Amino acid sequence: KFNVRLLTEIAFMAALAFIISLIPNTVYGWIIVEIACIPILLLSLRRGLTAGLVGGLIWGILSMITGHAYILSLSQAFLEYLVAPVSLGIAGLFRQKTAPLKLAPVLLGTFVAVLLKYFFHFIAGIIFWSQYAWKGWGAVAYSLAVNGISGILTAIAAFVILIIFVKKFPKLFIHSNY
């Protein structure tokens, strides 16, 4: 019914995030453009918070069980491959249920959710990845740069794609019965 439709959409966007995560996205070392965020963001914005959290969760789990996650420790895996991708669901708080679709909430929702995801990577960068800190850099400054810049680039890409979607396919962002 409504729920079968909702569950299928969650599953498809999680599998799509995963499939897109296979596209090489490295800019320089762990500075990356995470375009794989976008189907979770779209899902969160169309179907709301809970749907998005769960899509994030399923994507994280696929990353791990398929071997495509970089795992250093249990707690680090939990932080970066469960919490971080789930955290994209916060975009669901900016869902629009009624037309016309406004651009500003799409962009606010995306910004806040990518920010929150890369805030957890930033925290992880400090805790788990400091042995890789560039010559002359403190851990915090190194994680801030790497994850600050990845966050920004990820949001740029998420904005380019979702802006195109808002202008050419606005109904993607408004769930409709019927």
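Note that residue numbering begins at 1 and tracks the sequence as displayed.
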Note to self: If you take the mean CA temperature factor per stretch, which one wins between 9-17 and 151-159?
What the structure shows: 9-17
Checklist line | Stretch with the greater mean C-alpha B-factor as recorded in the entry, comparing 114-122 against 136-144 | finding: 136-144
Next item on the list: Have a look at 64, 27, 57, 37 and flag the one whose Cα has the highest B-factor in the entry.
Entry: 64
Next item on the list: For the C-alpha B-factor as written in the entry, point me to the maximum among 82, 104, 71, 88.
Entry: 71
Note to self: Based on the deposited C-alpha B factors for this chain, I'd like to know if residue 32 is in the lowest, middle or highest third.
What the structure shows: lowest
Notebook entry, point to check: Taking the entry's C-alpha B-factors for this chain, is residue 93 in the lowest, middle or highest third?
Noted result: middle
Next item on the list: Taking the chain's C-alpha temperature factors as the reference, tell me which third residue 50 falls into: lowest, middle or highest.
Entry: middle
